[PDB]
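S.K.: This is the structure, below, for whatever I ask next.
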Amino acid sequence: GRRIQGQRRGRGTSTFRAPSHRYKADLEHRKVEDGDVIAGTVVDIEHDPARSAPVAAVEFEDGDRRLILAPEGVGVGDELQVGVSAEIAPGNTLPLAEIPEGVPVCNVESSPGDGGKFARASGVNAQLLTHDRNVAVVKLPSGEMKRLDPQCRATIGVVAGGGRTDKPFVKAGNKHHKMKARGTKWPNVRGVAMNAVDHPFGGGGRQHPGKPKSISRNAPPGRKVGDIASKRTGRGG
Amino acid sequence: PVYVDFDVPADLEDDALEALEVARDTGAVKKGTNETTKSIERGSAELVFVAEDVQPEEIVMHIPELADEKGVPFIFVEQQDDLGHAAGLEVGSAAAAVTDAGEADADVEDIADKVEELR
Amino acid sequence: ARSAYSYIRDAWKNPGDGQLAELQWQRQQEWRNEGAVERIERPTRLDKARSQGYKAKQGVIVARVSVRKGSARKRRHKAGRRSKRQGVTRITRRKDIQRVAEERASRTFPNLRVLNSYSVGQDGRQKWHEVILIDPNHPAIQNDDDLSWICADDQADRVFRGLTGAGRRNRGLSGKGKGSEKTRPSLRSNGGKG
Amino acid sequence: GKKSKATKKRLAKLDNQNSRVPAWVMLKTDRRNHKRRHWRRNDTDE
RNA sequence: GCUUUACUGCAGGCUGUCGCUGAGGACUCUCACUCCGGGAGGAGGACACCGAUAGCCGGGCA
RNA sequence: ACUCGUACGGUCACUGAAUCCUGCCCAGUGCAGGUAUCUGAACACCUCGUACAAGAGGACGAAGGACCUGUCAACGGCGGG
RNA sequence: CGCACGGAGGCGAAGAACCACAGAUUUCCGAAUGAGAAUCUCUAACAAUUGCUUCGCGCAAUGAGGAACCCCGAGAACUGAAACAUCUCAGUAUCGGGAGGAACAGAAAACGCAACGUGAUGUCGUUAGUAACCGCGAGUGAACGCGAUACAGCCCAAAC
Ligand SMILES: [Cl-]
Ligand SMILES: [Cl-]
Ligand SMILES: [Cl-]
Ligand SMILES: [K+]
Ligand SMILES: [Mg+2]
Ligand SMILES: [Mg+2]
Ligand SMILES: [Mg+2]
Ligand SMILES: [Mg+2]
Ligand SMILES: [Mg+2]
Ligand SMILES: [Mg+2]
Ligand SMILES: [Mg+2]
Ligand SMILES: [Mg+2]
Ligand SMILES: [Mg+2]
Ligand SMILES: [Mg+2]
Ligand SMILES: [Mg+2]
Ligand SMILES: [Mg+2]
Ligand SMILES: [Mg+2]
Ligand SMILES: [Mg+2]
Ligand SMILES: [Mg+2]
Ligand SMILES: [Mg+2]
Ligand SMILES: [Mg+2]
Ligand SMILES: [Mg+2]
Ligand code: NA
Ligand code: NA
Ligand code: NA
Ligand code: NA
Ligand code: NA
Ligand code: NA
Ligand code: NA
Ligand code: NA
Ligand code: NA
Ligand code: NA
Ligand code: NA
Ligand code: NA
Ligand SMILES: [Sr+2]
Ligand SMILES: [Sr+2]
Ligand SMILES: [Sr+2]
Ligand SMILES: [Sr+2]
Ligand SMILES: [Sr+2]
Ligand SMILES: [Sr+2]
Ligand SMILES: [Sr+2]
Ligand SMILES: [Sr+2]
Ligand SMILES: [Sr+2]
């Protein structure tokens with residue numbers, strides 16, 4: 001047959017790429033040699049196209065202008081701090097160790113120094129649990145226990161913009177617009193609605209996959225569709 | 001570096017090189033890794049010089065072990081071109097040999113001794 | 001007696017034992033961070049160099065090349081190319097790595113001609129060869145009674161036509177007798193069956 | 001459309017090649033310009 | 001052209017093994033090698049990556 | 001490439017607004033998990049063999065399979081007497 | 001005073017036309033090389049990559065072309081096998097790189113009419129559809145030797 005849609009994707013053609021040129025910033029944790037003598041004031045609260053969440057524009061003591069991932073709360077005029085000695089308030093950023101257990105943090109680094117990786121979505125938030133001289137267990141929004149090097153920096157408070165998922169798109173038009181500002185092709189045509197030549201589930205004189213949908217993990221691209229290595233399916237049982 | 005197993009004090013080296021210059025102007029000396037080699041094999045070597053700044057290290061690697069299974073005493077020289085000039089040559093040398101000194105036998109004697117003491 | 005040279009050589013007979021073992025483990029670290037064609041002032045294996053034709057003269061260049069390792073990097077097949085014709089990860093090419101090297105080298109030096117090349121090690125994923133090139137235009141060499149031969153117009157790009165020693169050793173020309181019926185005098189002259 | 005200086009020289013030449021075989025050549029050869037191009041029926045490069 | 005539990009193969013995934021690969025049938029390590037860091041330095045570590053080979057799956061493809 | 005992206009994410013599928021609901025079946029097939037035991041290639045290894053080699057037998061044994069469990073909003077099934 | 005016999009006119013005995021050779025001139029684009037560009041433009045140029053080096057583009061090299069030939073790489077299918085997978089077509093078609101007026105080869109770690117024998121290399125005639133291969137099917141297929149052509153042998157590395 002022909003390559004399926006998922007294979008076309010990898011090629012990275014326009015259609016599939018994301019309108020990066022229209023994206024604002026690569027939200028990352030500012031850098032400090034050490035100490036803590038760093039703190040700017042919230043100048044603006046903008047809308048970042050890439051995440052549909054709000055992002056604050058901060059200005060630092062040195063005269064450095066950089067957008068920062070906005071946690072709920074942070075208004076304009078406020079002052080946030082960055083460093084190992086940074087006060088423990090919502091918005092401020094500091095290594096996991098310096099963070100009191102049982103506190104909700106967002107934009108968490110995986111490798112200390114990477115600049116933030118986990119919990120960055122609208123209203124999501126990580127939870128700091130166990131502390132050590134070695135590991136700092138963190139519960140991620142997916143509910144997983146991620147053991148982390150206490151040197152990994154994080155921000156205090158939940159990521160602003162929460163609850164966005166609670167209101168239905170109501171109409172395609174709206175869906176269309178959101179998608180148009182993301183690295184995603186749209187709309188979605190069902191595999192079974194295609195010709196055999198176009199997709200594993202295509203063909204037949206009526207729609208219905210002609211195979212069990214749960215596919216083996218070892219499957220090769222082009223064949224790996226439907227339920228990937230499903231540990232099970234259905235709702236009940 | 002890989003063929004070096006002890007550092008020769010700036011001072012000691014100076015002496016060695018000093019002695020070498022009078023060695024050419026009195027007794028005799030060999031200039032070149034090849035000439036130095038045969039001399040150690042023929043035994044007609046009393047004190048051999050090996051530069052430390054040689055690359056490829058291949059060229060000299062052998063000297064240290066060949067002189068040890070030939071009794072012949074040897075000494076390291078931080079820089080290559082100094083040994084060359086110390087043997088009286090326009091273009092530095094990687095290794096030289098003092099083929100029977102001359103009006104320096106006293107020094108050589110001690111230097112060879114000074115190194116033995118240097119392990 | 002033994003020449004200092006015969007020592008360098010006798011050492012590379014087993015580049016994994018003794019001092020040389022320590023050297024390579026080190027150099028490579030530096031090597032692995034060098035280009036794909038690095039010119040070098042002096043040959044790593046002096047005996048070999050000279051032996052192959054090297055000379056400490058003007059116009060005699062030496063360069064270490066680094067080629068990716070492995071066998072063959074072959075695509076599958078666009079149209080309908082059957083089983084016996086689906087080469088990808090089970091077959092290799094007809095030209096040995098050293099030849100690839102010699103070539104990359106001569107390209108980097110669009111005026112120099114290949115004299116010969118030698119191996120200088122190989123970690124788990126790349127092989128290194130030093131190639132001796134010569135300037136056919138420097139009188140320093142035009143005069144040399146031992147190298148002035150490499151100046152004939154018909155020596156131009158000699159490597160790209162497989163005239164290197166390794167070139168000929170790969171074209172199946174080593175043997176003068178049995179098993180070289182399809183090779184000499186030319187692979188192409190023999191409908192490529194060598 | 002905007003034409004460049006060269007594009008122009010060319011169009012110029014092309015127009016000239018569009019002249020008839022001078023009367024005298026007819027006589028000097030005792031007897032047809034096989035390159036007469038019409039602005040509508042034909043077509044120039046570019 | 002298309003399908004599959006047609007025949008035969010190939011990608012590809014999984015896995016054992018050999019090389020890269022080092023010090024002291026479960027272990028420690030650091031020095032290659034990988035990743036993070038502007039850096040200092042941090043994480044990982046003879047594993048992973050890559051070359052080779054072996055077994056299973058293998059209309060994604062021929 | 002996704003990605004100036006990070007589970008309120010995006011990937012891969014199915015159904016097709018709201019509303020009322022969505023039964024039973026895990027035997028086969030698929031997917032996933034486990035597994036005493038069994039099965040399971042090559043290298044290294046033991047015995048014999050060959051002044052070497054071809055070779056004969058043994059030994060250990062991965063994934064996978066047997067086998068066991070989970071799963072049908074997974075392919076599908078919901079008869080006869 | 002071209003092809004090309006017109007009109008007007010001109011040149012040539014100061015030896016023109018015409019021909020051989022050597023020289024002069026030789027616009028722009030073009031490998032195209034200062035930079036850009038559908039043959040033009042903008043403000044001193046070996047651009048790029050290299051060797052030598054007075055380390056200064058100072059001195060040099062490369063690039064691109066050519067009917068086919070040649071050398072090094074990459075490498076099909078139709079077709080044949082009365083299907084077809086090995087096999088064949090075929091190392092053919094096609095592609096990538098490169099040289100020369102010829103290329104390549106070449107002075108034995110050869111041969112092995114086993115000899116008290118030959119004596120670099122190509123090539124031609126033969127050896128021979130032989131030996132050998134092969135769903136041992138279809139098909140594939142040498143060599144030593146011999147008769148010829150032409151002949152020509154040498155240089156390093158190391159020892160000292
Ligand atoms: Cl969405
Ligand atoms: Cl060349
Ligand atoms: Cl004979
Ligand atoms: K075929
Ligand atoms: Mg960011
Ligand atoms: Mg949704
Ligand atoms: Mg879009
Ligand atoms: Mg749809
Ligand atoms: Mg349809
Ligand atoms: Mg299909
Ligand atoms: Mg339907
Ligand atoms: Mg349906
Ligand atoms: Mg007109
Ligand atoms: Mg990196
Ligand atoms: Mg098919
Ligand atoms: Mg519908
Ligand atoms: Mg130009
Ligand atoms: Mg047929
Ligand atoms: Mg020929
Ligand atoms: Mg048959
Ligand atoms: Mg054949
Ligand atoms: Mg023969
Ligand atoms: Na060249
Ligand atoms: Na062959
Ligand atoms: Na027209
Ligand atoms: Na058709
Ligand atoms: Na079942
Ligand atoms: Na039914
Ligand atoms: Na001219
Ligand atoms: Na030039
Ligand atoms: Na210059
Ligand atoms: Na037929
Ligand atoms: Na057919
Ligand atoms: Na066959
Ligand atoms: Sr970064
Ligand atoms: Sr980032
Ligand atoms: Sr279907
Ligand atoms: Sr149910
Ligand atoms: Sr020097
Ligand atoms: Sr050339
Ligand atoms: Sr028209
Ligand atoms: Sr089942
Ligand atoms: Sr002859």
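Ordering of the structure tokens sets the chain letters (A, B, ...), residue numbers begin anew at 1 in every chain, and ligands are numbered from 1 in the order given.
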Give me the residues within 12 Å of residue 23 of chain D as a list in words, counting only C-alpha atoms (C1' of nucleotides) and dropping any in the same chain fewer than 3 places off.
M.R.: residues 19, 20, 26, 27, 28, 29, 30, 31, 32 and 33 of chain D; 6 and 7 of chain G
S.K.: Write out as a VMD selection string each polymer residue whose atoms come within 9 Å of residue 161 of chain A, counting only C-alpha atoms (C1' of nucleotides); drop sequence neighbours fewer than 6 positions from it.
M.R.: (chain A and resid 52 to 54 70 to 72 121 to 124) or (chain F and resid 8)
S.K.: Write out as a PDB file with N, CA and C atoms, in the first residue's frame each polymer residue whose atoms come within 6 Å of segment 81-88 of chain A, counting only C-alpha atoms (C1' of nucleotides); drop sequence neighbours fewer than 6 positions from it.
M.R.:
ATOM      1  N   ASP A  36      21.754  33.700  45.716  1.00  0.00           N
ATOM      2  CA  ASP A  36      20.309  33.917  45.625  1.00  0.00           C
ATOM      3  C   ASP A  36      19.931  35.355  45.269  1.00  0.00           C
ATOM      4  N   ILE A  38      18.963  37.324  43.350  1.00  0.00           N
ATOM      5  CA  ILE A  38      18.265  37.533  42.084  1.00  0.00           C
ATOM      6  C   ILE A  38      16.759  37.564  42.299  1.00  0.00           C
ATOM      7  N   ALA A  39      16.127  38.636  41.836  1.00  0.00           N
ATOM      8  CA  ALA A  39      14.687  38.802  41.969  1.00  0.00           C
ATOM      9  C   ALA A  39      14.191  39.966  41.108  1.00  0.00           C
ATOM     10  N   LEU A  94      13.468  27.576  43.330  1.00  0.00           N
ATOM     11  CA  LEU A  94      14.632  27.114  44.082  1.00  0.00           C
ATOM     12  C   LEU A  94      14.728  25.586  44.070  1.00  0.00           C
TER      13      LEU A  94
END
S.K.: Could I get the residues of chain C with an atom no further than 12 Å from an atom of ligand 22, each paired with its nearest atom pair and that distance in Å to one decimal, using only C-alpha atoms and all ligand atoms, sorted by chain and residue number, as JSON lines?
M.R.:
{"residue": "C:175", "atom": "CA", "partner": "ligand 22", "partner_atom_place_in_ligand_line": "1 (Mg)", "distance": 11.8}
{"residue": "C:176", "atom": "CA", "partner": "ligand 22", "partner_atom_place_in_ligand_line": "1 (Mg)", "distance": 10.2}
{"residue": "C:177", "atom": "CA", "partner": "ligand 22", "partner_atom_place_in_ligand_line": "1 (Mg)", "distance": 6.6}
{"residue": "C:178", "atom": "CA", "partner": "ligand 22", "partner_atom_place_in_ligand_line": "1 (Mg)", "distance": 5.5}
{"residue": "C:179", "atom": "CA", "partner": "ligand 22", "partner_atom_place_in_ligand_line": "1 (Mg)", "distance": 8.4}
{"residue": "C:180", "atom": "CA", "partner": "ligand 22", "partner_atom_place_in_ligand_line": "1 (Mg)", "distance": 9.7}
{"residue": "C:181", "atom": "CA", "partner": "ligand 22", "partner_atom_place_in_ligand_line": "1 (Mg)", "distance": 9.0}
S.K.: Using only C-alpha atoms (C1' of nucleotides) and all ligand atoms, determine which residues fall within 9 Å of ligand 21, then list them as a ChimeraX atom specification.
M.R.: /C:193 /G:90-91,140-141
S.K.: Generate the output file for the selected residues, N, CA and C atoms (P, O5', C5', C4', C3', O3' and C1' of nucleotides), as a PDB file, in the first residue's frame.
M.R.:
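Below you can see part04.pdb, which holds the result:
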ATOM      1  N   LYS C 193      34.307  -9.395 -12.943  1.00  0.00           N
ATOM      2  CA  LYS C 193      34.025 -10.690 -12.324  1.00  0.00           C
ATOM      3  C   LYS C 193      35.037 -11.020 -11.232  1.00  0.00           C
TER       4      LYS C 193
ATOM      5  P     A G  90      22.905  -9.564 -20.933  1.00  0.00           P
ATOM      6  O5'   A G  90      23.942 -10.133 -19.873  1.00  0.00           O
ATOM      7  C5'   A G  90      25.248  -9.563 -19.778  1.00  0.00           C
ATOM      8  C4'   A G  90      25.679  -9.495 -18.344  1.00  0.00           C
ATOM      9  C3'   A G  90      25.731 -10.834 -17.617  1.00  0.00           C
ATOM     10  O3'   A G  90      26.758 -10.773 -16.634  1.00  0.00           O
ATOM     11  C1'   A G  90      24.285  -9.390 -16.487  1.00  0.00           C
ATOM     12  P     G G  91      28.220 -11.366 -16.944  1.00  0.00           P
ATOM     13  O5'   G G  91      29.039 -10.855 -15.684  1.00  0.00           O
ATOM     14  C5'   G G  91      29.722  -9.588 -15.726  1.00  0.00           C
ATOM     15  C4'   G G  91      28.744  -8.446 -15.564  1.00  0.00           C
ATOM     16  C3'   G G  91      29.378  -7.068 -15.739  1.00  0.00           C
ATOM     17  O3'   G G  91      28.408  -6.213 -16.323  1.00  0.00           O
ATOM     18  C1'   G G  91      28.329  -7.142 -13.677  1.00  0.00           C
ATOM     19  P     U G 140      24.987 -19.769 -21.906  1.00  0.00           P
ATOM     20  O5'   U G 140      25.852 -19.690 -20.570  1.00  0.00           O
ATOM     21  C5'   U G 140      25.613 -18.656 -19.604  1.00  0.00           C
ATOM     22  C4'   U G 140      26.580 -18.773 -18.454  1.00  0.00           C
ATOM     23  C3'   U G 140      28.054 -18.829 -18.813  1.00  0.00           C
ATOM     24  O3'   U G 140      28.602 -17.542 -19.045  1.00  0.00           O
ATOM     25  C1'   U G 140      27.574 -20.506 -17.233  1.00  0.00           C
ATOM     26  P     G G 141      29.757 -17.359 -20.142  1.00  0.00           P
ATOM     27  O5'   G G 141      30.932 -18.271 -19.593  1.00  0.00           O
ATOM     28  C5'   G G 141      31.613 -17.938 -18.378  1.00  0.00           C
ATOM     29  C4'   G G 141      32.667 -18.969 -18.086  1.00  0.00           C
ATOM     30  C3'   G G 141      33.615 -19.250 -19.236  1.00  0.00           C
ATOM     31  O3'   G G 141      34.666 -18.307 -19.258  1.00  0.00           O
ATOM     32  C1'   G G 141      32.793 -21.287 -18.402  1.00  0.00           C
TER      33        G G 141
END
S.K.: Would you please give, as number ranges by chain, all residues of segment 4-148 of chain A that DSSP assigns to strand (DSSP E or B) based on the backbone?
M.R.: A: 39-47, 54-59, 65-69, 71, 79-82, 93-95, 104-106, 108, 118, 126-128, 138-139, 145-146
S.K.: Compare F:54, F:41, F:24, F:67 by their minimum atom-to-atom distance to residue 54 of chain E, counting only C-alpha atoms (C1' of nucleotides), and give me the closest one.
M.R.: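 Answer, going by the shortest atom-to-atom distance: F:41.
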S.K.: Any idea what's packed within 12 Å of residue 38 of chain E, counting only C-alpha atoms (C1' of nucleotides), ignoring anything in its chain fewer than 6 positions away? Could you give it as number ranges by chain?
M.R.: A: 31-33, 113
S.K.: Compute the set of chain E residues within 6 Å of chain A, using only C-alpha atoms (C1' of nucleotides), and express it as a list in words.
M.R.: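 Output check: residues 12, 13, 36 and 60 of chain E.
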S.K.: Take the residues from that selection and put them in a file with C-alpha atoms (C1' of nucleotides), as a PDB file, in the first residue's frame.
M.R.:
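out.pdb was written with the following content:
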ATOM      1  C1'   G E  12      11.829  -3.547  11.901  1.00  0.00           C
ATOM      2  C1'   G E  13      11.099  -4.797  17.308  1.00  0.00           C
ATOM      3  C1'   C E  36      23.028  17.545  32.099  1.00  0.00           C
ATOM      4  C1'   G E  60       5.053  -2.634   7.360  1.00  0.00           C
TER       5        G E  60
END
S.K.: Which chain G residues have any atom within 10 Å of an atom of ligand 31, and for each, what is the nearest pair of atoms with distance in Å to one decimal, counting only C-alpha atoms (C1' of nucleotides) and all ligand atoms, rows sorted by chain and number, as CSV?
M.R.:
residue,atom,partner,partner_atom_place_in_ligand_line,distance
G:52,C1',ligand 31,1 (Na),9.9
G:53,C1',ligand 31,1 (Na),8.0
G:55,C1',ligand 31,1 (Na),7.2
G:56,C1',ligand 31,1 (Na),6.3
G:57,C1',ligand 31,1 (Na),4.1
G:58,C1',ligand 31,1 (Na),6.8
G:59,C1',ligand 31,1 (Na),9.0
S.K.: Calculate how many Å separate atom CA of residue 90 of chain B from atom CA of residue 35 of chain B, rounding to one decimal.
M.R.: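 Interatomic distance, atom CA of residue 90 of chain B to atom CA of residue 35 of chain B: 17.2 Å.
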S.K.: Name the residues of segment 38-90 of chain B that fall into helix (DSSP H, G or I) according to DSSP on the backbone, using the chain letters and numbers of this document, as a CSV table (one decimal) with C-alpha atoms, in the first residue's frame.
M.R.:
chain,number,residue,atom,x,y,z
B,38,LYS,CA,72.8,1.5,18.0
B,39,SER,CA,75.3,3.0,20.5
B,40,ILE,CA,73.3,1.5,23.4
B,41,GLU,CA,73.3,-1.8,21.6
B,42,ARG,CA,77.0,-1.6,20.8
B,58,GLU,CA,56.8,5.8,19.6
B,59,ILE,CA,60.2,7.2,18.4
B,60,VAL,CA,61.6,7.0,21.9
B,61,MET,CA,59.4,4.7,24.0
B,63,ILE,CA,65.2,3.8,25.1
B,64,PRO,CA,64.2,3.6,28.8
B,65,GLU,CA,63.9,-0.2,28.7
B,66,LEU,CA,66.7,-0.9,26.3
B,80,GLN,CA,63.5,18.6,22.4
B,81,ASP,CA,65.2,21.5,20.7
B,82,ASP,CA,67.4,22.2,23.7
B,83,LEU,CA,69.0,18.8,23.4
B,84,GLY,CA,69.5,19.6,19.8
B,85,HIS,CA,71.2,22.8,20.5
B,86,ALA,CA,73.0,21.2,23.4
S.K.: Give the residues close to ligand 41, within 12 Å, counting only C-alpha atoms (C1' of nucleotides) and all ligand atoms; write them as a tab-separated table (two decimals) with N, CA, C and O atoms, in the first residue's frame.
M.R.:
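Wrote it out as out-v4.tsv, contents follow:
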chain	number	residue	atom	x	y	z
D	38	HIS	N	5.25	36.14	-35.40
D	38	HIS	CA	4.13	37.05	-35.17
D	38	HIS	C	3.87	37.18	-33.67
D	38	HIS	O	3.89	36.19	-32.94
D	39	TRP	N	3.63	38.40	-33.23
D	39	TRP	CA	3.38	38.68	-31.82
D	39	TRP	C	2.25	37.88	-31.20
D	39	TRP	O	2.23	37.66	-29.99
D	40	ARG	N	1.30	37.45	-32.02
D	40	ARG	CA	0.15	36.70	-31.52
D	40	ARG	C	0.31	35.21	-31.76
D	40	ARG	O	0.31	34.42	-30.81
D	41	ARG	N	0.44	34.82	-33.03
D	41	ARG	CA	0.58	33.41	-33.39
D	41	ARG	C	1.81	32.68	-32.87
D	41	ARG	O	1.74	31.48	-32.58
D	42	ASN	N	2.93	33.38	-32.75
D	42	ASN	CA	4.14	32.74	-32.25
D	42	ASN	C	4.39	32.95	-30.77
D	42	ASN	O	3.49	33.34	-30.02
D	43	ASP	N	5.61	32.68	-30.34
D	43	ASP	CA	5.95	32.83	-28.94
D	43	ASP	C	7.46	32.85	-28.74
D	43	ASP	O	8.17	31.96	-29.22
D	44	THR	N	7.94	33.87	-28.04
D	44	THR	CA	9.36	34.06	-27.76
D	44	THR	C	9.72	33.38	-26.44
D	44	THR	O	8.84	33.04	-25.66
